[PDB]
Novice: 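Here you go, one structure.
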Amino acid sequence: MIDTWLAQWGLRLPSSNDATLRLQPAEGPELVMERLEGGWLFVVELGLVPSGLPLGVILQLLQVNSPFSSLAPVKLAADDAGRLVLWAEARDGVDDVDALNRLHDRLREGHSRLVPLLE
Amino acid sequence: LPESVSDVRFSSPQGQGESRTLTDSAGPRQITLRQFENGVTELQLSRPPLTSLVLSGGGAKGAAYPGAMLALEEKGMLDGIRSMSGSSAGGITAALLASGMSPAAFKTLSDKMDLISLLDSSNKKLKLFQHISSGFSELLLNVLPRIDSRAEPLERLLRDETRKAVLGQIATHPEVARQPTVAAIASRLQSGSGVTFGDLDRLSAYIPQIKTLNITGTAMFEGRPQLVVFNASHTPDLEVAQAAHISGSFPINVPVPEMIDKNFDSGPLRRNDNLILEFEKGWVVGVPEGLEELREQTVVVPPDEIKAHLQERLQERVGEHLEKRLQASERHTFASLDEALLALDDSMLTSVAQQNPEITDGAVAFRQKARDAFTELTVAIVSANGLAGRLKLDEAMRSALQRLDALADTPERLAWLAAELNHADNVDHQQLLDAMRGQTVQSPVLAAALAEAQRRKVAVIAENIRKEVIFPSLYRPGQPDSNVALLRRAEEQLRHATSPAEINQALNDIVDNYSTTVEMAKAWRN
């Protein structure tokens with residue numbers, strides 16, 4: 001449950017059910033939470049896709065999406081404006097606190113491994 | 001939780017715990033302020049004044065339009081409209097309404113005006129395309145003099161009706177009519193000249209019934225749509241009848257956002273609302289107005305009996321939209337009360353102060369001192385007779401700036417003061433900023449104002465690049481999806497650019513990956 005997950009940090013789900021919430025841990029990337037009708041979309045931003053990436057880097061990025069990736073179920077995508085992002089979907093009534101922390105952990109792990117490759 | 005995710009806070013302000021209401025529906029904007037246990041302040045207020053009418057497209061389908069104007073008049077909201085904007089054929093209607101025609105007069109004209117015949121007749125205004133053989137928007141303007149469309153029935157009609165409406169408004173306001181600038185305009189019109197965008201701008205300041213006019217169209221040139229904009233800033237001396245005629249003659253619908261203007265401001269409140277009339281999931285994560293916001297401001301438009309019917313329907317639909325917007329509200333969340341108060345304009349602050357002076361005393365004192373200091377600065381600038389020289393500024397200017405500096409005791413107040421010093425219409429502050437551009441200065445407020453002025457300069461350049469380089473290629477028919485993606489990314493880079501370097505990177509990415517676009521990109525880069 002999202003409110004309980006937030007309670008871990010002494011936070012509470014704001015009563016003004018706004019469509020987008022942003023969390024900033026002391027270390028690591030900002031976590032963007034977007035409300036889906038029946039769940040949440042967890043996203044971490046990696047900046048606009050740079051021009052001129054070497055093939056090996058392109059491969060590493062695309063390999064994040066392997067069904068057997070260690071970052072599973074996180075996915076690497078680009079938004080409509082060309083911003084590289086890692087995302088995962090939290091589904092109400094299925095993903096408990098441990099499941100949510102696991103998504104957050106994988107999003108962070110992916111972020112740390114990839115940011116250096118995007119000079 | 002692992003070490004790295006031990007502490008976490010909301011990166012944007014979020015109310016926590018219970019809130020208390022500091023002010024309840026204060027003044028005309030119904031300002032409500034709620035503050036939470038962590039100091040976060042939520043501002044709730046009515047929608048901003050409906051000052052803009054936007055007519056997306058036109059032509060035969062515009063038969064219903066008179067119903068919208070009748071609805072605005074019925075609700076006493078037509079005088080509140082300050083500007084009229086129309087795309088393609090919508091410019092025809094916008095020009096008539098902007099000139100001051102009454103809803104009744106406009107209905108009569110619209111009903112016995114055959115827009116299909118008038119438009120079809122337009123005897124080949126493709127001479128424009130040919131003359132542009134020897135950016136684009138400026139080339140089009142430079143070729144109009146060697147084109148003669150003044151006698152075309154549609155243009156003659158628009159010129160005559162707009163002139164009659166303007167002269168009638170002037171005549172009903174004798175105090176205005178006798179003012180020299182107005183008398184000059186009237187004399188020029190009586191001699192046969194047509195109403196210009198500049199005439200409308202000057203008269204609208206005197207007569208609420210006359211509105212400023214914006215006409216935008218997309219002109220296909222070499223398979224690429226070019227955005228053509230006519231208004232008081234770009235084409236003050238162009239007759240509105242000719243602009244509406246040209247815009248209506250282009251063969252690629254102008255996106256509504258291209259008709260809604262960008263406004264730099266010292267706070268987050270929307271300055272005004274639009275009533276957008278049109279006929280008939282995107283995913284951007286952004287950094288760490290939307291179509292949905294535009295949708296809230298849009299009303300979809302639906303043989304004498306049919307005209308009456310379609311107009312009746314639109315009048316009913318617009319009337320309901322106008323009632324419903326009164327029930328809507330705008331909401332903003334701030335990290336502190338003072339920042340919420342800084343978001344309020346002077347009139348709003350006064351309204352809140354009249355109900356709950358205990359929460360506004362500090363903000364009212366700050367506002368009064370800032371206004372007095374800004375005046376002192378203006379007096380110093382104008383009284384200096386030149387801001388150049390071996391020595392930087394003078395004692396009077398320094399003194400005014402020192403007073404502003406003392407008010408900048410928080411990052412929020414510094415930012416507000418710097419944005420206030422950047423108001424584009426303040427000729428004197430603008431002379432000060434221009435005079436000190438690129439220089440190190442002692443005043444923290446002036447330094448912040450200079451940095452903001454530079455950021456605004458970059459944003460303006462980025463917007464021009466978007467319109468001249470990106471828009472035409474982005475909306476080119478048949479543009480492969482890969483190029484569209486590249487262009488969308490460039491638009492994102494341009495929206496966020498704060499330095500010439502960031503603009504250059506956007507241009508380089510297009511040159512290196514796009515498969516005349518590349519030419520225009522290299523042109524802007526140097």
Side-chain angles (χ1 to χ4, degrees), chain B residues 55-63 65 84-99 109-110 113-163 192-198 200 213-232 234-255 258-259 279 467-468 471-472 475-477 516:
Chain B
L55 305 179
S56 189
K61 297 181 179 181
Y65 289 143
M84 298 285 178
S85 298
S87 56
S88 305
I92 296 174
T93 304
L96 292 169
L97 297 170
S99 64
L109 180 59
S110 180
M113 179 176 179
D114 187 357
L115 193 59
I116 300 180
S117 177
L118 294 171
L119 288 174
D120 184 6
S121 298
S122 181
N123 188 6
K124 287 70 66 61
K125 279 48 182 175
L126 297 56
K127 298 183 299 301
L128 198 55
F129 178 91
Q130 293 184 346
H131 284 280
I132 289 179
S133 60
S134 60
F136 178 86
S137 182
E138 295 182 356
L139 304 178
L140 178 167
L141 298 173
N142 299 359
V143 299
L144 297 177
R146 63 183 65 92
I147 299 180
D148 184 6
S149 64
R150 202 169 193 273
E152 178 64 13
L154 177 57
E155 188 174 325
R156 168 63 178 277
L157 177 55
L158 292 174
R159 183 172 59 263
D160 288 344
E161 296 294 334
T162 56
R163 182 194 299 106
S193 298
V195 172
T196 65
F197 291 89
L200 293 176
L213 179 61
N214 302 296
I215 292 175
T216 301
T218 49
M220 293 294 303
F221 185 73
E222 296 182 339
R224 296 172 56 181
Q226 302 291 159
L227 193 63
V228 181
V229 178
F230 305 116
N231 63 24
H234 302 107
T235 61
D237 299 337
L238 182 64
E239 294 182 338
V240 305
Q242 189 184 30
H245 177 227
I246 293 171
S247 183
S249 66
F250 300 131
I252 58 179
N253 188 197
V254 180
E258 300 299 347
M259 290 182 293
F279 300 97
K467 294 182 182 298
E468 300 185 13
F471 182 95
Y475 298 91
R476 173 202 286 266
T516 304

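In what follows, chains carry the letters A, B, and so on, assigned in the order in which the sequence lines appear, proteins first and then strands, with residues in each chain numbered from 1. Hydrogens, waters and symmetry mates play no part in the numbers below; they use all other heavy atoms, side chains included.
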Novice: Measure the spacing between CD1 of B/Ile147 and NZ of B/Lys127 and express it to the nearest 0.5 Å.
Specialist: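 B/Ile147 CD1 to B/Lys127 NZ: 6.0 Å, rounded to 0.5 Å.
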Novice: Testing B/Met113, B/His245, B/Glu152 for side chain to side chain contact (heavy atoms under 4.5 Å, CB included) with B/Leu157, which one passes?
Specialist: B/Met113
Novice: Does B/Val195 offer a backbone N or O that forms a donor-acceptor pair with the side chain of B/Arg159 under 3.5 Å?
Specialist: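 Side chain of B/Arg159 to backbone of B/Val195, a donor-acceptor pair under 3.5 Å: no, none is there.
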Novice: How close do B/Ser56 and B/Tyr65 get, counting heavy atoms only, and between which atoms?
Specialist: O-OH, 3.9 Å
Novice: Look only at the side chain of B/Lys125 and the backbone of B/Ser122, and say whether a donor-acceptor pair between them is shorter than 3.5 Å.
Specialist: no
Novice: Closest approach of B/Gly192 and B/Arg163, non-hydrogen atoms and distance?
Specialist: O-NH2, 2.9 Å
Novice: Which donor-acceptor pairs under 3.5 Å do side chains of residues 114-121 of chain B form with protein atoms, sequence neighbours excluded?
Specialist:
residue	atom	partner	partner atom	Å
B/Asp114	OD1	B/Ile116	N	3.4
B/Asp114	OD1	B/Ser117	N	3.4
B/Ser121	OG	B/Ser117	O	2.6

Novice: To the nearest 0.5 Å, what is the distance between CG on B/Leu144 and CG on B/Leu139?
Specialist: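 That separation rounds to 11.0 Å.
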Novice: Measuring from B/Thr235:OG1 to B/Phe197:CZ, what's the distance to the nearest 0.5 Å?
Specialist: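 If we round to the nearest 0.5 Å, B/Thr235:OG1 and B/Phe197:CZ are 4.5 Å apart.
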Novice: Give me the atom names and distance for the closest heavy-atom approach of B/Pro477 to B/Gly223.
Specialist: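 What the structure gives for the nearest pair is CD-O, 3.6 Å.
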Novice: Applying side chain to side chain contact (heavy atoms under 4.5 Å, CB included), run through B/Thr216 and B/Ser247 and close with a yes or a no.
Specialist: CA-CA 7 Å; B/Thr216 301; B/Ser247 183; over 6 Å; no
Novice: Tell me, with the steps shown, if B/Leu158 and B/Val240 meet side chain to side chain contact (heavy atoms under 4.5 Å, CB included).
Specialist: CA-CA 8 Å; B/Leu158 292 174; B/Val240 305; over 6 Å; no
Novice: Measuring from B/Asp237:CG to B/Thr196:OG1, what's the distance to the nearest 0.5 Å?
Specialist: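 Going from the CG atom of B/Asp237 to the OG1 atom of B/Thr196 covers 6.0 Å.
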Novice: Name all residues meeting the ring pair (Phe, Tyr, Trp, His ring centres under 6.0 Å) criterion together with B/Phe221; count only those two or more places apart in sequence or in a different chain, and write none if there are none.
Specialist: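 Partners of B/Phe221 by the ring pair (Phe, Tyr, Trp, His ring centres under 6.0 Å) criterion, ordered by chain and then number, come out as B/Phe129, B/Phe136.
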Novice: For the residue pair B/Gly59 and B/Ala89, what are the closest heavy atoms and their distance?
Specialist: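 Closest approach of B/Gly59 to B/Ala89: N-CB, 3.3 Å.
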Novice: Working to the nearest 0.5 Å, report the span between CD1 of B/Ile246 and CG of B/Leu238.
Specialist: 6.0 Å
Novice: Does either side chain, that of B/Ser149 or that of B/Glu155, offer a donor lying less than 3.5 Å from an acceptor on the other one?
Specialist: yes
Novice: Show your reasoning for whether side chain to side chain contact (heavy atoms under 4.5 Å, CB included) applies to B/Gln226 and B/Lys467.
Specialist: CA-CA 8 Å; B/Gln226 302 291 159; B/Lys467 294 182 182 298; over 6 Å; no
Novice: side-chain hydrogen bond (donor to acceptor under 3.5 Å, both in side chains): which pairs involve residues 132-141 of chain B, sequence neighbours left out?
Specialist: none
Novice: How many angstroms lie between atom OG of B/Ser193 and atom CD of B/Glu239, to the nearest 0.5 angstrom?
Specialist: 6.5 Å
Novice: Can you list the steps and then say if B/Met259 with B/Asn214 is a side chain to side chain contact (heavy atoms under 4.5 Å, CB included)?
Specialist: CA-CA 8 Å; B/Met259 290 182 293; B/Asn214 302 296; over 6 Å; no
Novice: How far apart are the closest heavy atoms of B/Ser87 and B/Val254, and which atoms are they?
Specialist: CB-CB, 3.8 Å
